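Before any questions on how it binds or moves, here is one chain, the form deposited without guanosine-5'-diphosphate, in structure tokens.
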């Protein structure tokens, strides 16, 4: 519930949300204050451009409202930062397709594989049938890990030999899922970053091949990024958004990091819906993102 969400964000709340209260207590609204607040936002990984927007809007709103007390900045900041997250607060709906195809993109080692498993279990718990495609075809250990997980959870995993063509594996998986009236297909992909131009090509190849079987596929292109990696997450988002058309973002490992500010940078810089946030180890701790619950937990205060 909500109480677990608050507890999971305590390290980010040191600096953001309720963490602002001690910064404002008894201060004057002046440049020294906005400079300290700028610094605190940047340290939290909110990012130069998004921080500049927040500070600018706050400065203007403070003047317009003729505020006297720095404590009164808290509500204006909660509105400003809430608005950033509200603009990307569109939940993923996987209903009504045969299969709904999720193309999972992102670097290796940011919770991409974990997210695939948790989403698969959530959809199954909802009464949907799920299939996986082991599209990261040149990493033999990762394929075998998806297969073993599929074998442990009674979920089919389509896979070919090491070095198979990723687009062919995923083509075969869509074909299989359509014939078995599978509700949701979740397709892994390679996450090696060196060749940006290569990445755009392998992903564009995957998408084109998909569309030979279903012009609507992929129905979702989901990036996974790790919030504890700070601005590396922002740069990955930039890379994959320019590389392929993203329609959804999952941000993992929000719990236990003081770098939870990166969600605001991702929301503001890209405007792509944030579908899920990972706030713990449990299957259900991959939460459908709710901007309002998120903001309330971050800004929760009991004074």
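Positions refer to the first chain, counted from 1. For clarity, a rigid core is taken as the largest C-alpha set superposing within 1.5 Å between two forms.
Is 192 to 200 or 158 to 166 the stretch whose C-alphas end up farther from this model in 7 other deposited structures of this protein after a rigid core fit? Farther from the shown form on average in 7 other deposited structures of this protein: 192 to 200.
More variable segment, 244 to 252 or 257 to 265 [Cα RMS over structures in 7 other deposited structures of this protein, core-superposed]: Between the two stretches, 257 to 265 moves farther in 7 other deposited structures of this protein.
In the PDB record, does 143 to 151 or 88 to 96 carry the higher mean Cα temperature factor? Between 88 to 96 and 143 to 151, it is 143 to 151 that shows the higher mean C-alpha B-factor.
Test of understanding: from the entry's C-alpha B-factors, which stretch has the higher mean, 272 to 280 or 53 to 61? Per the deposited B-factors, the answer is 53 to 61.
Whose C-alpha has the highest temperature factor in the PDB entry: 109, 135, 106, 218? Highest C-alpha B-factor among the listed options: 109.
In the PDB entry, which of 78, 118, 178, 192 has its C-alpha at the highest B-factor? That would be 192, according to the entry.
Chain-relative CA temperature factor third for residue 205: As the PDB entry reports it, the C-alpha B-factor of residue 205 lands in the highest third of its chain.
Going by what the PDB entry lists, where does residue 128 fall on CA B-factor within its chain: lowest, middle or highest third? For residue 128, the deposited C-alpha B-factor lands in the middle third.
Compared with the other modelled residues in the chain, in which third is the CA B-factor of residue 14? Answer is highest: the recorded C-alpha B-factor places it there.
In terms of the CA temperature factor given in the entry, to which third of its chain does residue 224 belong: lowest, middle or highest? It falls in the bottom third of the chain.
Going by the entry, which third of its chain does the Cα temperature factor of residue 34 land in? Ranked within chain, residue 34 CA B lands in the middle tercile.
Beyond the structure shown, there is the form solved in complex with guanosine-5'-diphosphate, which is absent from this document and is the topic of what follows.
Would you kindly say which of 159, 107, 76, 131 lies with a heavy atom within 4.5 Å of guanosine-5'-diphosphate in the deposited bound form? Exactly one residue meets the criterion: 107.
Heavy atom within 4.5 Å of guanosine-5'-diphosphate in the deposited bound form - residue from 178, 139, 211, 87: Looking at 178, 139, 211, 87 one by one, just 139 meets the 4.5 Å heavy-atom criterion.
At the 4.5 Å heavy atom threshold, is residue 118 in contact with guanosine-5'-diphosphate in the deposited bound form? Yes, residue 118 is a contact residue.
Using heavy atoms and a 4.5 Å limit, would one call residue 253 a contact residue for guanosine-5'-diphosphate in the deposited bound form? Yes, residue 253 lies within 4.5 Å of guanosine-5'-diphosphate in the deposited bound form.
Using a 4.5 angstroms cut-off on non-hydrogen atoms, would residue 114 count as touching guanosine-5'-diphosphate in the deposited bound form? Because a heavy atom of residue 114 falls inside 4.5 Å of guanosine-5'-diphosphate in the deposited bound form, the answer is yes.
Closest heavy atom of residue 278 to guanosine-5'-diphosphate in the deposited bound form, within 4.5 Å or not? Result yes; residue 278 sits at the interface with guanosine-5'-diphosphate in the deposited bound form.
Would you mind picking out the stretch of 264 to 272, 49 to 57, 230 to 238, 245 to 253 that comes within 4.5 angstroms of guanosine-5'-diphosphate in the deposited bound form, counting non-hydrogen atoms? Partner-contacting stretch among the options: 245 to 253.
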